[PDB]
Amino acid sequence: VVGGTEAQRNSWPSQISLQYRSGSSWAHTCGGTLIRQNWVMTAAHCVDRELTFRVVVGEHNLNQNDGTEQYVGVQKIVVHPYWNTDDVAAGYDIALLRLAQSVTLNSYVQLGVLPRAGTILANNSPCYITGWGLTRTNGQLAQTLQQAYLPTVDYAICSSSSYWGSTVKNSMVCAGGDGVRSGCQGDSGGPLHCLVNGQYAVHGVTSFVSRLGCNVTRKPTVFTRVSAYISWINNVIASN
Ligand SMILES: *[SH](=O)(O)C(C)(C)C(=O)NCc1cn(Cc2ccc([N+](=O)[O-])cc2)nn1
Ligand code: NA
């Protein structure tokens with residue numbers, strides 16, 4: 001997250017860190033959202049490389065033991081069957097990870113609330129991106145979870161020629177684009193939390209930023225629109 005602030009420890013308890021094995025340790029690669037005690041929602045592209053993954057719930061400071069973390073293996077990866085790693089712009093950038101064990105829920109570990117199927121947010125709706133991704137274009141990961149206010153940019157604006165044009169689809173949510181605040185590398189897969197009827201729900205899965213930079217005016221961060229995939233998510237959980 002570029003231009004964020006440090007999140008309070010208990011603010012976003014559905015946020016997870018998706019990590020892969022690196023030597024004798026682990027490296028953060030993506031965010032995700034805990035959606036059942038044994039399922040995480042992330043971006044398909046986060047699992048394009050075949051590596052050993054783990055999920056960390058209750059994480060805050062990646063480098064220090066907070067006393068709140070639970071670490072769990074990934075037992076099954078279900079990518080959207082229409083995902084094409086060579087065509088991120090086509091959409092379908094979503095995957096479900098079945099965890100090897102069910103995590104314990106507490107003030108630091110909670111299920112993310114998903115929107116009703118079909119929900120589309122009005123332009124400029126209030127949302128926050130969270131993650132440990134880079135804090136500047138070409139920078140380094142955040143040690144502590146970051147948040148930034150990123151109001152939505154509706155499909156009509158986001159897919160117009162001065163924004164993302166045809167690259168953005170109606171199956172995506174755009175947010176931000178103010179040139180100061182944005183998602184960045186390593187936020188991918190994580191949530192966009194939007195306030196609807198007094199409750200935050202996870203409307204986006206961070207999917208891509210501009211190759212010209214993370215925080216670029218009129219290149220808002222682009223998310224998979226969770227509400228386009230409710231039936232798919234439920235079908236996967238029910239059949240696995
Ligand atoms: S996102 O918008 O944050 C985006 C697309 C810029 C991003 O940074 N995604 C992160 C990501 C994770 N993966 C999978 C992966 C690739 C390579 C390794 N590796 O060890 O070399 C590990 C994981 N791709 N993009
Ligand atoms: Na920690």
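Every heavy atom of this structure was used, including side-chain atoms; hydrogens, water molecules and symmetry mates were not. Positions are given from 1 along the sequence.
When atom types are taken as modelled, the side chain of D187 and the backbone of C184 share a donor-acceptor pair closer than 3.5 angstrom. Not one N or O on the side chain of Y82 forms a donor-acceptor pair closer than 3.5 Å with the backbone of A90. Between the side chain of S182 and the main chain of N215, a donor-acceptor pair closer than 3.5 Å is present. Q110 places a side-chain N or O within 3.5 Å of a backbone atom of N106 that can act as its donor or acceptor partner. Side-chain N or O atoms of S239 include one that pairs as donor or acceptor with a backbone N or O of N235 at under 3.5 Å. Judged by distance alone, with hydrogens and angles left aside, the side-chain atoms of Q37 form a donor-acceptor pair with the main-chain N or O of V103 at under 3.5 Å. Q70 places no side-chain N or O within 3.5 Å of a backbone atom of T68 that could act as its donor or acceptor partner. Panel note: side chain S159, backbone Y155; a donor-acceptor pair is recorded below 3.5 Å. Remark: side-chain polar atoms of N10 are not paired, donor with acceptor, to backbone N or O of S107 under 3.5 angstrom. A distance-only check finds no donor-acceptor pair linking the side chain of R181 to the backbone of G4 [under 3.5 Å].
Taking each heavy atom of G179 and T217 in turn, the nearest pair found is CA-OG1, 3.6 Å. Heavy atoms only, all atoms of each residue included: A27 and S22 are closest at CB-CB, 4.2 Å. Contact record, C30 with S188: CB-O, 3.1 Å, taken as the closest heavy-atom pair. Looking at every heavy atom in both residues, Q15 comes nearest to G31 through NE2-CA, 3.7 Å. Across all non-hydrogen atoms, the minimal contact from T119 to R116 is OG1-O, 2.8 Å. Smallest separation of non-hydrogen atoms from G32 and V40: CA-CG1, 4.2 Å.
Expressed to the nearest 0.5 Å, how far OG1 of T224 lies from CG of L192 amounts to 11.0 Å. Going from atom CD of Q185 over to atom OG1 of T29 covers 10.5 Å, rounded to the nearest 0.5 Å. Rounding to the nearest 0.5 Å places CG of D154 at 9.0 Å from OG of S125. In this structure, the separation between SG on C46 and CG on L51 is 11.5 Å, given to the nearest 0.5 Å. We find the SG-CZ distance between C214 and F208 to be 13.0 Å, quoted to the nearest 0.5 Å. To the nearest 0.5 Å, the span separating CZ on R54 from CH2 on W26 amounts to 5.5 Å.
Two residues are said to be in side-chain contact when any heavy atoms from C-beta on lie closer than 4.5 Å; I94 and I233 meet this criterion. For the pair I35/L96, a side-chain contact is recorded, criterion being any heavy-atom separation below 4.5 Å from C-beta on. At least one side-chain heavy atom of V109 sits under 4.5 Å from a side-chain heavy atom of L34. Side-chain atoms of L150 and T221, non-hydrogen and from C-beta on, do get closer than 4.5 Å to each other. Using a 4.5 Å heavy-atom threshold, the side chains of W164 and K169 count as separate. With a 4.5 Å cut-off on side-chain heavy atoms, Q19 and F53 do not count as touching. Two residues are said to be in side-chain contact when any heavy atoms from C-beta on lie closer than 4.5 Å; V226 and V205 meet this criterion. The shortest side-chain heavy-atom distance between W12 and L145 falls under the 4.5 Å cut-off.
Aromatic pair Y200/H193: centroids not less than 6.0 angstrom apart. Taking the centre of each ring, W232 and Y92 stay at or above the 6.0 Å mark. Ring centers of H203 and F223: at least 6.0 Å apart, outside the cut-off.
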For this session: Let me see the working for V2 and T135 under side-chain contact (heavy atoms from CB on, under 4.5 Å), right down to the final yes or no.
Result: CA-CA 4 Å; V2 181; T135 57; 5.9 Å; no
For this session: Determine, step by step, whether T144 and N61 satisfy the side chain to side chain donor-acceptor pair (under 3.5 Å) criterion, reporting the C-alpha distance in whole Å, the side-chain angles of both residues, the deciding distance to 0.1 Å, and the verdict.
Result: CA-CA 4 Å; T144 56; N61 185 318; over 6 Å; no
Problem set entry | Derivation of the side-chain contact (heavy atoms from CB on, under 4.5 Å) call for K219 and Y163 | CA-CA 6 Å; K219 292 290 177 299; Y163 285 71; 5.7 Å; no
For this session: Determine, step by step, whether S14 and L111 satisfy the side-chain contact (heavy atoms from CB on, under 4.5 Å) criterion, reporting the C-alpha distance in whole Å, the side-chain angles of both residues, the deciding distance to 0.1 Å, and the verdict.
Result: CA-CA 5 Å; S14 65; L111 306 187; over 6 Å; no
Problem set entry | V47 vs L97, side-chain contact (heavy atoms from CB on, under 4.5 Å): CA-CA, chis, key distance, verdict | CA-CA 10 Å; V47 298; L97 314 180; 4.2 Å; yes
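Here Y149 pairs with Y128 under the ring-ring contact (aromatic ring centres under 6.0 Å, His included) rule; sequence neighbours left out. Listed by chain and residue number, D66 satisfy the salt bridge (charged side-chain N to carboxylate O under 4.0 Å, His left out) test with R9 (two or more places apart in sequence, or in another chain). With sequence neighbours excluded, the residues satisfying side-chain contact (heavy atoms from CB on, under 4.5 Å) with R98 are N38, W39, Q75, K76, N240.
Residues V216 and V222 do not share a hydrophobic cluster, defined by chaining ILVMFWY side chains whose heavy atoms lie under 4.5 Å apart. The hydrophobic cluster containing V57 also contains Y108, counting ILVMFWY residues as joined when their side-chain heavy atoms lie under 4.5 angstrom apart, directly or transitively. No continuous path of ILVMFWY side-chain contacts below 4.5 Å connects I129 to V180, so the two sit in separate hydrophobic clusters. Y20 and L62 are members of different hydrophobic clusters when ILVMFWY side chains are connected at heavy-atom separations under 4.5 Å. Residues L18 and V72 are members of one and the same hydrophobic cluster, defined by side-chain heavy-atom contacts under 4.5 angstrom among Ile, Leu, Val, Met, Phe, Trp and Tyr.
Within 6.0 Å of CG on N138 lie no more than 12 heavy atoms contributed by other residues, nucleotides or ligands. Sparse packing is recorded around CZ of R136, with 12 or fewer heavy atoms of other residues, nucleotides or ligands lying under 6.0 Å away.
Note: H45 and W83 have tilted aromatic rings, judged against thresholds of 30 and 60 degrees for the angle between ring planes.
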